[PDB]
Amino acid sequence: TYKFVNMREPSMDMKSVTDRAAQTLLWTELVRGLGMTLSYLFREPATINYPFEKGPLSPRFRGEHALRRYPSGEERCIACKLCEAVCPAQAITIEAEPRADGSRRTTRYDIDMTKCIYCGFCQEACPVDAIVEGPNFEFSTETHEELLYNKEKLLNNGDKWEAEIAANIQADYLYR
Amino acid sequence: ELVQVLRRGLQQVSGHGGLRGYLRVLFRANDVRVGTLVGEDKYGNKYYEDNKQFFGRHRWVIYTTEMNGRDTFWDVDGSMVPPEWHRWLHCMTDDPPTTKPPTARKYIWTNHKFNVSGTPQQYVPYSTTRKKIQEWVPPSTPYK
Amino acid sequence: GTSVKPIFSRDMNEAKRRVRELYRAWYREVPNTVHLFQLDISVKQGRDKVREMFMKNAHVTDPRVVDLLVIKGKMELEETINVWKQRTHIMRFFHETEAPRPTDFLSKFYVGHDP
Amino acid sequence: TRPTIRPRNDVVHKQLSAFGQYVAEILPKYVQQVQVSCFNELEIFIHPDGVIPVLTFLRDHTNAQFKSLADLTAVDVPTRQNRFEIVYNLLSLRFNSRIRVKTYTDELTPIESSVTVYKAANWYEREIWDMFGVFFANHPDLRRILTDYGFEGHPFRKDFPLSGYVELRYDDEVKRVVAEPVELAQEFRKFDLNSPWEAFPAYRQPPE
Amino acid sequence: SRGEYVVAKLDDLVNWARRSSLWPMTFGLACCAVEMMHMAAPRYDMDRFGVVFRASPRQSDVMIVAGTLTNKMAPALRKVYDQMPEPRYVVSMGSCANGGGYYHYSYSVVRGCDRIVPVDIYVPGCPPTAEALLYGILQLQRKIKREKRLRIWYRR
Amino acid sequence: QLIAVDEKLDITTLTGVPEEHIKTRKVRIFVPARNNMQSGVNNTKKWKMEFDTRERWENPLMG
Amino acid sequence: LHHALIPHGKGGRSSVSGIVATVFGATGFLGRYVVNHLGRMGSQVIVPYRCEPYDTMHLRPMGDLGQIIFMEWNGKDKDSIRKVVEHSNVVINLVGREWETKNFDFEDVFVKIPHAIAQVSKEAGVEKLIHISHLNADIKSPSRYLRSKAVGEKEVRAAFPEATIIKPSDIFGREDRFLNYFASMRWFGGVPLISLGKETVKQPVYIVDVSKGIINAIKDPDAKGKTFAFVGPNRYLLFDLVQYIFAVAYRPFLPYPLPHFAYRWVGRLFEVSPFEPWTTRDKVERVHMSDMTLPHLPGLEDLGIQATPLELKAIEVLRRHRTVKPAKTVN
Amino acid sequence: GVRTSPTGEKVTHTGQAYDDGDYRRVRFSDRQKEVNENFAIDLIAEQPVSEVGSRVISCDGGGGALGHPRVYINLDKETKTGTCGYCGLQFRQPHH
Ligand SMILES: CCCCCCCCCCCCCCCCC[C@@H](O)O[C@H](CO[C@H](O)CCCCCCCCCCCCCCC)COP(=O)(O)OCC[N+](C)(C)C
Ligand SMILES: CCCCCCCC/C=C\CCCCCCCC(=O)O[C@H](COC(=O)CCCCCCC/C=C/CCCCCCCC)COP(=O)(O)OCCN
Ligand SMILES: NC(=O)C1=CN([C@@H]2O[C@H](COP(=O)(O)OP(=O)(O)OC[C@H]3O[C@@H](n4cnc5c(N)ncnc54)[C@H](OP(=O)(O)O)[C@@H]3O)[C@@H](O)[C@H]2O)C=CC1
Ligand code: SF4
Ligand code: SF4
Ligand code: SF4
Ligand SMILES: [Zn+2]
């Protein structure tokens, strides 16, 4: 089924022509638009008082990256390199070796924040949930160099945001 | 009517601790609303809510004037909010960390840090791997 | 045999006259192009660059390749005369920012592994 | 075929097969092959000399009348003698159908411009020339459309490098944007993803 | 002495004046620009911070690069930067403008707008959220507040 | 309507490749060997063309 | 050679050249060219700045990521010099001022600061040090500029015996005072030259030539304790040089002789301004003096550079001063 | 378990420290070096060994679907203890 948007024919009787002439001469629709704007002024604005108020978010929100660890305190990452393989932008660089106790751990875990597209494929490819994309988004920088993260920066981010990250994962892990 | 809006304005003036506190909040947050105190932060931030406001303005934070090492009477920023109050303030949950606190871990930071860009505490990238190729060291004793 | 379809020409003579025709157009344009883009080069060395670019393709012995190169040269002429290019596009022909790459064996041996 | 499998539609397959035979009969001078895919798509393989006739037929015949050109593109297969293949996708609103016409060419052989048949083809052929280097005869104005001015080579070609040959920066000594040979800080990482143990037996090739 | 006090006060006044009214011209190169226009939307209201909406290049103070910078566009952006009055700043918005991003290994993309113009603030994300861009703009304000020109001229 | 010219094809002047990436490179045409970690042979069916390996160095920043 | 300092790559933006250079006075006119040439080949440049970082922002796109590091310093402190040159293997000195400020006179700028830099570099183990002095530097020079230049040259050679001294001759360029300085006067109507400029000869040198000479001297191994004189190809009288400068700028040129004492008076009046002066007494006296000639000193050609004549770059420098017939040279 | 390099830098968990002659330390002047203070090897070493009276024990890291993939560890070798390949926890049969 289809509709016509502009298939009306104006009436040509004297009253209709006089109405259209009154519209032309007295600017009635212009006054209607003015009235719409005037009414729209007297309503409450939609502005929030940033940074004292914040926009709504979701537990699924993808922000700054972080490396998590187990409750015992050992890092969850096992250097499987699945996040590196899935990364659509090749933003992850990983190097690994056996630890002094024989554990399978990374020696290098770099993510380029300036090549990252913040898609979240890395955190969903991770088997042990080692890497997550946390809720932080206010991490703007004055130089390009500080946006090149190494393993220490990501581990520090994890230790910094672990409470909120764990709460969000608890809220959302039944959808994954 | 008009008398009632003036009464609510006077109530807002009286609810901020007088005229001094009213001017303080007006010049620090550009707002004079009063709401129920939801919680107090270990760094000095105060958290208020008012469910009669529309979504987005129903929760707000009054920042502390002195965080880790700087004077924050004027230079406030959104990175000063700790992660638990960050989750509450961004409406990621309906539960403040006061009613139900987050899980405690030994590795979690006990002192939240703000954004340290443009500061001697800023992050500087570096390679974390060891040298790959080791060079030969010539002997120190003469051969002849 | 090896019958192939023409583009514009049938033999090297028509290709040569097209190349010559194209060359004349470029020659006329250079003084004007130099003035309009406010280039710091002289007309002499601009035309020497033209000569070098034309001599780069002097070993071609195929009318299809020759007149396709003529088509590309005509496309370039078009971009310059219509001022679609900028000063940087024209100055990309001279490579004033690239360091000189040595050619002798010893220098190449000293700089790195590249032959 | 239980719910996870895409349902088939044999009526459209039969209709497209019959119409392909019809078009093949009417134009034996140029049509070299006709195929219908298992998802009901009709493609017609023709000779390069028949671009203007066949398209015109498909646009003007009462039975076909594909009056809209949906897309015109090129595909590069370096292993073939005729390197590039030209693909025309046409839509018929009268019969609510789609058709595809394929042609071949190499670096030096021009393809007749179809701007006269379809007005839409003019930009498409400009992009094909820009990205693959296929020259189109009698085009109103054939020139680069997407690449930078003075760009050397065609990016879409298989042999062309992913990052190109030159990169741009700003030089303060000459006070302008200059171009130098590409020097990546981190080289793009090449992944060998193809596995042994073939996936689809239905596409296995003779062992020659 | 009073010589340092007067220049300190005048410097504070000048810094407050410059950071309390930042007039940006925006290169809406790609998808990052859409979040740009959401920072001018009623919810965030950039204009309430003194940041005017769509200032002209002749009287702009900060350059916001929002989107991918191709090789074909870099000279135009450089010319627009060169046409700005001296107290000028550049804000690199989004991953494409920061480091090439998701087209980093492309033959026609500038791997970061900082190859062309110097950058003051880098805003991460693809695209960075409106609030994230607001945070970056506010950060630029603090950076302007931290600068000191009359003091340097006095000690020099 | 046909030139019927007899000469080897040469498109080097049309591809836009720089001169020192034509006369200096050395390509290799080969059938890739089977990975001995696996017994599948599907990766040894086609022919491959690849260029010679050049210098790869360590980035001073981030290595 | 400290493997991390072994050259790698193809000499480009993301290559490694094995050079760690600390360029004092990099925010000046020659400093930007030196830093650009150092960074475009993959070297790491440490830049010390006393000025607001906004003024140093123009050096950011000159190198790769992390290849240019900015540090604060001041000449009165030896700790800042130590921390700025601690890890560098090359030190380049470009600190200079054409006028004397209240806190820094020519002894501070050309003598004490270079001597402190050289002494700290020697104590820090810096392999190469390059110092810049004027061509006309002599102990008996009437102007304190060149006198302090000569004293600083002596004291640097004493503090750093293996230092390389470079003596440019009145560098000219796009952001150069010399080409620009002459063009600027047109505002006062007439141009005043002592003795109508008929008794002064000059030897102008291109900025790019000097920067390339510094780079090659860094590269050249046998130029450890040598002293170079960077001069242009053509010598000109002052009068016809200014005439050519005004001709390129399409500005009417009127030259009127002014007494030497009278010229000095104008410079003194000018010297009063808080802001940088158009001219100073030392500058007027310095400009009038003819450039020396030292054929015994190794020149720019010894560094494999062909000096560029001023006629090629005069249009480049002076096109902005507007809204052919090169000057005659003496040899 | 953060140690200190002989020159003065903090040694990271990976063990990378710039050498005394390395120019690359110049990047840390007037700034700091990002080092994580929690070393995972020591933290997992502090964990007590679990005692189970089973010949084979299963581990998933704790949390159910919030841990690692569930694996089975054999405890027949009395000389050593069974270690989880993901989480690093240790298990042992009740000897004597
Ligand atoms: C009559 C003669 C006129 C001569 C020319 C002068 C022109 C008029 C001068 C009057 C200008 C008024 C200046 C007042 C500005 C202070 C505003 C105050 O609110 O700033 C606070 C303090 O900031 C600065 O420290 C204020 C410094 C301003 C200068 C101080 C005194 C300067 C007076 C000297 C005038 C003498 C002129 C002599 C030459 C003729 C913090 O604000 P800010 O941080 O931004 O915003 C934070 C946003 N938050 C709160 C939401 C998070
Ligand atoms: C018995 C004795 C009486 C004597 C006779 C007197 C009778 C008077 C009857 C006629 C009077 C009407 C004249 C008023 C002006 C009319 C002009 C007019 O109509 O022109 C319009 C144009 O009008 C406009 O478009 C103007 C719009 C501009 C935007 C302004 C917004 C309007 C609302 C603002 C409020 C106005 C406030 C007015 C009072 C100001 C007080 C100082 C025609 O244009 P179109 O419709 O496009 O058709 C032309 C193609 N044939
Ligand atoms: N034609 C020419 O210009 C030739 C120049 N000379 C010599 O070449 C050297 C550099 O030349 P040029 O670049 O053109 O001069 P500039 O005036 O352009 O630059 C001088 C540099 O030295 C720094 N500097 C000056 N004074 C001090 C100070 N008291 N403390 C710390 N830093 C200071 C400046 O920093 P800031 O901006 O913060 O003050 C600035 O970076 C100079 O030593 C000069 O004598 C050689 C022959 C002529
Ligand atoms: S979010 Fe996407 S682009 Fe970013 S690191 Fe993870 S996989 Fe790569
Ligand atoms: S996917 Fe997870 S466990 Fe695997 S390398 Fe990435 S972060 Fe480590
Ligand atoms: S940075 Fe991301 S969001 Fe912005 S234009 Fe690029 S791809 Fe789109
Ligand atoms: Zn486990």
Side-chain angles (χ1 to χ4, degrees), chain A residues 49-52 67-68 75-87 92 94 96 104-106 109 122-123 125-132 154, chain B residues 27-31 63 72-77, chain E residues 6 8-17 19-20 49-50 138 141-142 145 152 156, chain G residues 23-34 47-52 55-56 73-76 93-99 101 103-105 108-110 113-114 131-137 145 149 152 166-173 175-178 204-205 207 210 230 276, chain H residues 68 86:
Chain A
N49 191 29
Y50 187 81
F52 308 94
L67 289 164
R68 305 177 51 222
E75 55 204 359
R76 287 173 176 254
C77 185
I78 42 174
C80 75
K81 305 197 185 53
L82 268 63
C83 59
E84 183 178 1
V86 70
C87 190
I92 309 170
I94 300 181
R104 188 190 167 116
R105 302 298 151 166
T106 46
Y109 195 104
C122 56
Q123 76 174 347
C126 193
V128 301
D129 309 350
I131 192 197
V132 303
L154 289 155
Chain B
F27 278 81
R28 280 195 82 236
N30 311 109
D31 212 321
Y63 283 110
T72 303
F73 197 87
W74 308 107
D75 301 88
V76 308
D77 72 31
Chain E
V6 58
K9 300 289 94 176
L10 274 179
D11 189 358
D12 274 332
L13 178 71
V14 169
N15 284 344
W16 168 86
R19 78 189 147 89
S20 290
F49 295 93
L138 291 196
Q141 278 180 354
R142 282 190 302 279
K145 179 180 201 176
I152 294 284
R156 80 159 58 194
Chain G
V23 188
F24 282 101
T27 77
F29 163 58
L30 166 68
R32 59 197 302 155
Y33 286 77
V34 168
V47 176
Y49 60 95
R50 84 198 169 117
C51 63
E52 174 77 38
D55 297 312
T56 77
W73 82 297
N74 59 330
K76 300 294 187 291
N93 187 1
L94 272 70
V95 173
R97 200 48 93 199
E98 302 190 62
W99 57 91
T101 79
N103 275 311
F104 301 94
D105 63 79
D108 290 331
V109 174
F110 292 117
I113 278 176
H131 184 96
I132 306 295
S133 53
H134 212 286
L135 173 67
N136 308 325
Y145 191 97
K149 275 280 212 193
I166 288 178
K167 300 170 78 72
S169 87
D170 175 1
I171 313 166
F172 84 95
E175 310 95 28
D176 83 335
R177 304 195 171 99
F178 166 92
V205 68
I207 179 51
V210 181
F230 289 179
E276 76 148 343
Chain H
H68 62 69
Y86 298 84

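In what follows, every chain begins at residue 1, and chains take the letters A, B, ... in the order their sequences are listed. All values below were derived from every heavy atom in this structure, side-chain atoms included, with hydrogens, water molecules and symmetry-related copies excluded. Remember, it's 1-based here, ligands and their atoms both numbered in the order they're listed.
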Sub-4.0 Å heavy-atom approach of E:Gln141 to ligand 1: no

Which atom of [X] lies closest to which atom of [Y], heavy atoms considered:
X: B:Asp77; Y: E:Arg142; answer: CB-NH1, 3.6 Å
X: G:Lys167; Y: G:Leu135; answer: CE-O, 3.7 Å
X: A:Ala125; Y: A:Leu82; answer: O-CD2, 3.8 Å
X: G:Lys149; Y: G:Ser133; answer: NZ-CA, 3.5 Å
X: G:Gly25; Y: G:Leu94; answer: O-CB, 3.7 Å
X: A:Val132; Y: A:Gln123; answer: CA-OE1, 3.7 Å

Nearest protein heavy-atom contact for [atom]: which residue, which atom, what distance?
atom: atom 49 (N) of ligand 1; result: B:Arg28 O, 4.0 Å
atom: atom 5 (S) of ligand 5; result: A:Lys81 N, 3.1 Å
atom: atom 51 (C) of ligand 1; result: B:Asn30 OD1, 3.3 Å
atom: atom 15 (C) of ligand 1; result: E:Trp16 CE2, 3.4 Å
atom: atom 8 (Fe) of ligand 5; result: A:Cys77 SG, 2.3 Å
atom: atom 4 (Fe) of ligand 5; result: A:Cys80 SG, 2.3 Å
atom: atom 42 (O) of ligand 1; result: B:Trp74 CE3, 4.3 Å
atom: atom 31 (C) of ligand 3; result: G:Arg50 CD, 3.2 Å
atom: atom 23 (C) of ligand 3; result: G:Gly25 CA, 4.0 Å
atom: atom 26 (C) of ligand 1; result: E:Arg19 NH2, 4.4 Å

When only distance counts, is [X] in polar contact with ligand 3, meaning an N/O pair under 3.5 Å?
X: G:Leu30; result: yes
X: G:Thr27; result: yes
X: G:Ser133; result: no
X: G:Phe29; result: yes
X: G:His134; result: no
X: G:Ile171; result: yes
X: G:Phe104; result: no

Closer than 4.0 Å: a protein non-hydrogen atom to [atom]:
atom: atom 7 (C) of ligand 1; result: no
atom: atom 45 (O) of ligand 1; result: yes
atom: atom 24 (C) of ligand 1; result: yes
atom: atom 17 (C) of ligand 1; result: yes
atom: atom 30 (C) of ligand 1; result: no

Residue E:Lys145 vicinity, atoms of ligand 1 by number, heavy atom under 4.0 Å: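 The atoms of ligand 1 under 4.0 Å from a heavy atom of E:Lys145 are 44 (O).
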
Per-atom contacts of ligand 1 with B:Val76, taking only distances under 4.0 Å to non-hydrogen atoms: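 This gives 52 (C) as the contact atoms.
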
Who's closest to [atom] heavy-atom-wise, of [options]?
atom: atom 43 (O) of ligand 3; options: G:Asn136, G:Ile132, G:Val95; result: G:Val95
atom: atom 20 (C) of ligand 3; options: G:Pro204, G:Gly96, G:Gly28; result: G:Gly96
atom: atom 11 (C) of ligand 1; options: E:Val6, E:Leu13, E:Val14, E:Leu10; result: E:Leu13

Aromatic ring proximity B:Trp74/B:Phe27, centre distance under 6.0 Å: no

Aromatic ring proximity, centroids under 6.0 angstrom, G:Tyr145 and G:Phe110: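 Ring centres of G:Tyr145 and G:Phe110 closer than 6.0 Å.
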
Quick one: pull up [atom1] in [X] and [atom2] in [Y] and give me the separation to the nearest 0.5 Å.
X: G:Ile166; Y: G:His131; atom1: CD1; atom2: NE2; answer: 10.5 Å
X: A:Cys83; Y: A:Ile131; atom1: SG; atom2: CD1; answer: 5.0 Å
X: G:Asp170; Y: G:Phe230; atom1: CG; atom2: CZ; answer: 15.5 Å

Salt-bridge present (G:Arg177, G:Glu98; N to O < 4.0 Å):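 The answer is yes: the pair qualifies as a salt bridge.
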
Presence of salt bridge, E:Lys145 and B:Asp75, under 4.0 angstrom: yes

Contact with ligand 3 for G:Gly75, non-hydrogen, under 4.0 angstrom: no

G:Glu175 touching ligand 3 at heavy-atom level, < 4.0 angstrom: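 Distance cut 4.0 Å: G:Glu175 fails for ligand 3.
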
Could you tell me, atom by atom, which parts of ligand 3 come under 4.0 Å of a heavy atom of [X]?
X: G:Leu94; answer: 9 (C), 10 (C), 20 (C), 21 (C), 22 (O), 42 (C), 43 (O)
X: G:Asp170; answer: 1 (N), 48 (C)
X: G:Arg97; answer: 17 (O), 25 (C), 34 (C), 36 (P), 37 (O), 39 (O)
X: G:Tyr145; answer: 44 (C), 45 (O)
X: G:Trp73; answer: 31 (C), 32 (N)
X: G:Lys149; answer: 7 (C), 43 (O), 44 (C), 45 (O)
X: G:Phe110; answer: 43 (O), 45 (O)

CA sep, side-chain torsions, deciding dist, call: A:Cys122, A:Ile92, side chain to side chain contact (heavy atoms under 4.5 Å, CB included): CA-CA 9 Å; A:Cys122 56; A:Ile92 309 170; 4.0 Å; yes

N/O/S atom of A:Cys126 inside 2.8 Å of atom 6 (Fe) of ligand 5, strictly under: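 Here the distance criterion (N, O or S atom, under 2.8 Å) is not met by A:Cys126, so no.
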
Sub-3.5 Å N/O-N/O distance, E:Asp12 and ligand 1: no

Those atoms of ligand 5 less than 4.0 Å from some heavy atom in A:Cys83: 1 (S), 5 (S), 6 (Fe), 7 (S)

A:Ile94 and ligand 5 - part of the residue with a heavy-atom distance under 4.0 Å: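 It is the side chain that touches ligand 5; the backbone stays farther off.
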
Cation-pi check, G:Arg97 onto G:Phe29 ring (under 6.0 Å, within 45° of axis):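 No cation-pi geometry.
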
Chi angles and distances behind the side chain to side chain contact (heavy atoms under 4.5 Å, CB included) call for A:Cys126, A:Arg76: CA-CA 10 Å; A:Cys126 193; A:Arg76 287 173 176 254; over 6 Å; no

